[PDB]
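Laid out below as structure tokens are two forms of one and the same protein chain, each shown alone and named structure 1 and structure 2.
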Structure 1
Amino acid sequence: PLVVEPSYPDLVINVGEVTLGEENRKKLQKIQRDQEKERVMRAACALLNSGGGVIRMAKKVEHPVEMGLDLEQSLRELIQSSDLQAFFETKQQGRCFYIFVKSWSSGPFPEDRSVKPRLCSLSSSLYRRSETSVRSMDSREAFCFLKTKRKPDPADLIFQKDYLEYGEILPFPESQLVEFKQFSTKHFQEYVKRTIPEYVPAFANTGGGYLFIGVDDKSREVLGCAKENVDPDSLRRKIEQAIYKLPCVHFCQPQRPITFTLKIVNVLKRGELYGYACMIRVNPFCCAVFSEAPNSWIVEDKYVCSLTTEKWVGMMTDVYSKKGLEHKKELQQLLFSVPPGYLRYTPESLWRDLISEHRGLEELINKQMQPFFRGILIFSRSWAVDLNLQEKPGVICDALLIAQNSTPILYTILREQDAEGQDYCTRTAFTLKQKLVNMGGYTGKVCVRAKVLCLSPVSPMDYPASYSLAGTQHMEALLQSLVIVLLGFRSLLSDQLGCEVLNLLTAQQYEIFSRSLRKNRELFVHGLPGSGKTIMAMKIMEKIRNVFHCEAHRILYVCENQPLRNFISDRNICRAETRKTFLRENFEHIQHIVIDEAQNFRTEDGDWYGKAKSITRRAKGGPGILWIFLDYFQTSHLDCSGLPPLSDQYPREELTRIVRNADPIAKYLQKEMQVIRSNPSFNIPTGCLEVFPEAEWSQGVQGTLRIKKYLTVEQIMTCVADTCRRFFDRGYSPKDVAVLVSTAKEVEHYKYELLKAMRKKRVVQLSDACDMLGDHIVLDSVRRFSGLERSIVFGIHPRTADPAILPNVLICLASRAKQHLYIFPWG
């Protein structure tokens, strides 16, 4: 049995000793030649079906030799093409011969999923009748055959006869439905046992047919067998068992077995009994019949194991990120852009942190990177824990080098030398290489060299020149597969990719929404929580500038809260004012007005809606743009908002797709949205809450939502400090964290508590929501943080004076967290 040898960052199969060179292979016996060829092809098929690898054979000579014609031909038949160079390449050193096998079909959703089969096989064991011959279906033919099976005669006149005359010539020839077999008494029991698996499956798979045993092929005459040797009762039993032993696979109900009719008749010579003849009428089968189990191999664990009949068929016919696959090119250019001329280090924030803690790490890496002047070096504190492997204490970092004219290399830096250091890097490099194929769907020839560096002051296999990254096109296609691989796990770069997917989803939803600028002047946009409402408002206000050619100070943005006002002002899109400022100052020079979070406005200061109409309707271009963005699910107050009644809020646009939160967060919003629908607040108009999200919609971005309850303030605030430290250690920056409390008067109570326990984590800095550019944790109230959002949000004791609003607070809070959310409610 072939066993994969584990000292390598790849699948290496040692097939032992194999004779090579056609001259040397010819001199061998047929059995030995066939055994060596079959072992090599078992290895090659196993590597083709398992992501690729290396086949290791030890040759019996020193001088260079060719592989041999039979080995080449079997490989060609295996990949069903003469393009042998694409999948196989050979190198030899001394007494060792290497065959480097590429993967046959790579990825969970290949671009050729419905065209080419996923498995290579030595033989599919599916035969069919092809006029007067029985032929086996190759992998492509068997693939199409199973695909069609999956979708939802003068010869009988002889069959009805109860006896046959010796030497009777049958009129019909051999054809698609008739086969004549000659029956010899010396091996008659053995002959009929071997005949059945070749012809009965061949007939059943294509239209049925008749099998005449005891009829001469050449002259079509009835001969039969010796009567003294054949037992008519025993002969039927052997035939019946040989048919019922054939493996068959059903795609339908019912699952009746193979149907046939067996008739045994006397052969008459001069009116006297001479012997017996066999006729088999095989009705067509509803599904596929195999003569035996398919001969296909796969590498599972460290062994090479064969695929069973059911697993072969199922795999032949039939975390993975759907969004990462379609946006793989857009994501790669955002993060893993390859710079022409210099070697880029990413992530830069984590690289700076590493060289600060460890002395001489900057010189160690820089000296090692001297050979290569183009590519990207991707850092991580532990690439093993990023790929869901176990973390090794004593490792400083891991760096994955993807450079031009170089194979991918995984660098592991150790503080002190260790014997386990090389095993750890080999296991991680092997895991990364398999993910790039089985998960990221890389169709090229990929290898990952495992290298270990020690900060304190088995041979590497030499791959062909085709495994090196030739240029920009190879590095880009490799990195786009790394994008898909990263998105399947929880890590820092996975979370950076996840955020950029959410910005890609919103930019798609904006192009649909942005078409309403030509069609409307006054509009009431009724967005759902996490629908990207505020992001569209900023994008629209840029569009209004571009379409109507008005200057920035001509567009007015009005919001209820101050932190959101400052955030908009810093973008320099337009003039941004609060509602109170809007009702006080004079705005004669304004042409267009955009209002956001209008459901949180109040009438206590003045009639803002009438004022908004007056400024816009007296503009130069007739009725100017007066768009009101609002979300009744996020109603934080019980007073009158000042909006016109629901029947007057026309025309309308509705943002229903949640494109701004990760999957666990988005699923949480919908759950809380249903609660308010059952018990809406009295102030909200009746028809507001019947707006529903998209029928089926998922962002394909994974996140975290955890709720911790009955903890006291010290226990809550410790978990906040501990969790931030773990995030900060992995490389996250403080500007991705926010701690939201219920009320602004409660900020000062908790700000002292946070600094008390979070000072132990070597940072004593906090910021308010009015400052969003500072690289500090933002602590403020939930209501004051509306319009803004952070990757990581901590919600501490959500509370309100009226439980009718309490569902609205959690939705307002939960929607603020793009990916990670931690809530600590009252207990």
Structure 2
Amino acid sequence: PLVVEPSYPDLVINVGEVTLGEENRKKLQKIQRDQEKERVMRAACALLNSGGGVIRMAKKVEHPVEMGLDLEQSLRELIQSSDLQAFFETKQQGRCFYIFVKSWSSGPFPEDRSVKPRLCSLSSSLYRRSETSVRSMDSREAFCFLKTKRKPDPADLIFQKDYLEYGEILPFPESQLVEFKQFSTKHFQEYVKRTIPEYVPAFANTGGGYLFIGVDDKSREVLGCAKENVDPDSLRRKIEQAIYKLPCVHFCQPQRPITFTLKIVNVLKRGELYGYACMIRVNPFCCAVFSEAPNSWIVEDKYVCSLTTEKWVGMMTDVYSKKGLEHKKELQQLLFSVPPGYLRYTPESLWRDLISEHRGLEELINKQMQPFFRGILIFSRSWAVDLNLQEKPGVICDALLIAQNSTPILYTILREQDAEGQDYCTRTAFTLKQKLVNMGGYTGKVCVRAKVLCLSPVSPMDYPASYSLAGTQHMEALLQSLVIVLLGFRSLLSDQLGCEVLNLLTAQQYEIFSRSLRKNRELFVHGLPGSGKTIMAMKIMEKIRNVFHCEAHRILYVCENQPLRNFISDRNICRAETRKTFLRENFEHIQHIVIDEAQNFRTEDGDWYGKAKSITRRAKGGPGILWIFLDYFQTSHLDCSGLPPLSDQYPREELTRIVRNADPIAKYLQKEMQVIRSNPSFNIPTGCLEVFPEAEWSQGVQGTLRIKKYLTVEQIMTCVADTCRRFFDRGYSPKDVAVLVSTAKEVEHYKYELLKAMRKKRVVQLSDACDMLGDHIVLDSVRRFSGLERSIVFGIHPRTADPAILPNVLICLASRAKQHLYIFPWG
């Protein structure tokens, strides 16, 4: 049998001894020739349907030899084309002959989903009557036939006769609906039995027809078979069993079997029984009928296995990150931008960390990368863990090289020499290549070379020249498949890609939203948790600058919280102030005013609404912009905020799409918002919670949500320290983490309790939410973090004095976390 060589970074199938050369194969006997051909074609079909690979075969001669015309032709029928160079390339070295196979189709959603078939096959076993002949459907024909089937006469006069006369001329020829057969006196039953499988499916698949056995083909005379040599009852029984053995596949209800009418009719000669003639009328079958199981092969686990009929039909009719597939080009240009003229190392933080920890690693990698002048080298603590494989102790780092004039190379750097290091690297490279094809949807010729390196002081297969990354197009396509592969797993680069995906969704929704600047002056933007409200605000003020040509000091931003102002101020897109400062100072030169988290404002200090109206309505070029963003789900107090009554907040814009949180956190917010809807506070307007998110909107960005309870403060704090340590070891920056507590009066306690448990994890620097830019974990209260967001969030003991306010705290917390959220409730 055929099995995959286990020690390679690719699917390598060894088919054994094969006779190569046209003359040598001709000198063979037909049996040996066809058996070797079937072995090679099984290997080729399996590799085509399993992501490509290599076929290895030993050849009996030492000098170069051509493949052979029959092998050539079988490959041509396999790919349904004369372009062998596109899918098959051959090398030979001494006694070994290699065929390198490319994948037939790549990815879960190929561009050709409804155009080209899912599988290559040796045969589809689907037959249809093609005029006066029965023909087999190739892969394309069977694909179209199944696609059609899955969508939601004079012969009958003879058929009605009870008996036939010997020598009776039938008036019709063989045609699209009729077939004649005559068989020997000795082997009639066996011939009928071997006839059924080839004609009954052909009639069934194409519109039915009549099959007459006992009629001469040339003279159309009825002859039958002598009574002494046929038992009509046995013949009918065998015919029915024969028809019903046929594998039928359905796409409909009811799923009835193949329908037909069968008649064994006496043939009378001069008024006496000469013999019997068999007559079959086959109705049009509602679905596809196979004569036998399709001859298609696939590599699963480690064996070349044939696809069953149902599995074949399923593939032929029918995490995978759809947003990654959509944005692959933007994501690749953001993260894996291929440089001109120099080799890039990514991610830089992890690279610097590694070369600091391990002396001489810089020199090792630099001496190893001398050949490659242009490309990208992608580092990781362990690509095996990145790809959901097991971790191997002793691995310093793994690097993936994607450079010009070279194949992809996956390096494994070892602190000390090890024999199993090569096996680990080979497994990682095989997984990476199989994912780049099957999951990343790469359609070119790809191979990943596994090369182990050691810091302390079976040959690799040589692929054709076409497998080298010729230039920018190939490098960019491979990196765009790597993006899709990474977005299906959890890792540092996967999370960076998720962040950029969230940014792209925010950009799309802002492009939709920003068209309201020409259509409104007063606008009340009602956003939902994680709807990008603040990003939309900032981008709108940039747009106001661009459109009205007014300078930044002439645009005012007003918010409730000092951390949020401080964040907004550094952008330099405005003058940014707090509600109290706005009420106090003078802003008569301001033309445009933008107000954020208005639901958190208060009426005690003054009429901020009226002040904003007075300032804006005075603008020379007509009234200025006055946009008031707010979110009632994120209310933080039980008093009126000075906003106008609900009915008076017009015109409006609703930001209902969650674009700033990963899928787990988004679903968490959607679940929790029902809790607020079930019991809104008395001060909240009656009908302002009727806003609902877009029904089918999803982000397709992976994240982490975890709730741990019954734990003491020490246990919470050690768990936070451990998680931060793991993230930083993997390569996450500290500025991706923020610790949010219930109230400021607990912030000073938790800061000390956190330095206590984090001094054991080798980072002793924190800060409040007023110094976001610093590379350090932010510890602050949930409320003071309003309008801010961090990739990793640790929510500690949500708490408030009044249950009337308690419901909104959990949402106001979870909305701050982009990807990873850890909550520690009381228990």
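One-based numbering along structure 1's sequence throughout. Definition used throughout: the rigid core is the maximal C-alpha set that superposes within 1.5 Å between two forms.
- Core-based superposition between structures 1 and 2 leaves all of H549, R194, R270, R518 but one with CA shifts under 2 Å; the exception is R270.
- Comparison between structures 1 and 2 places the CA of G498 0.3 angstrom away from its other position, after core fitting.
- Relative to the superposed core, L164 has its Cα moved 2.0 Å between structures 1 and 2.
- With both forms fitted on their core, the C-alpha atom of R236 sits 1.2 Å from where it sits in the other form; this compares the forms between structures 1 and 2.
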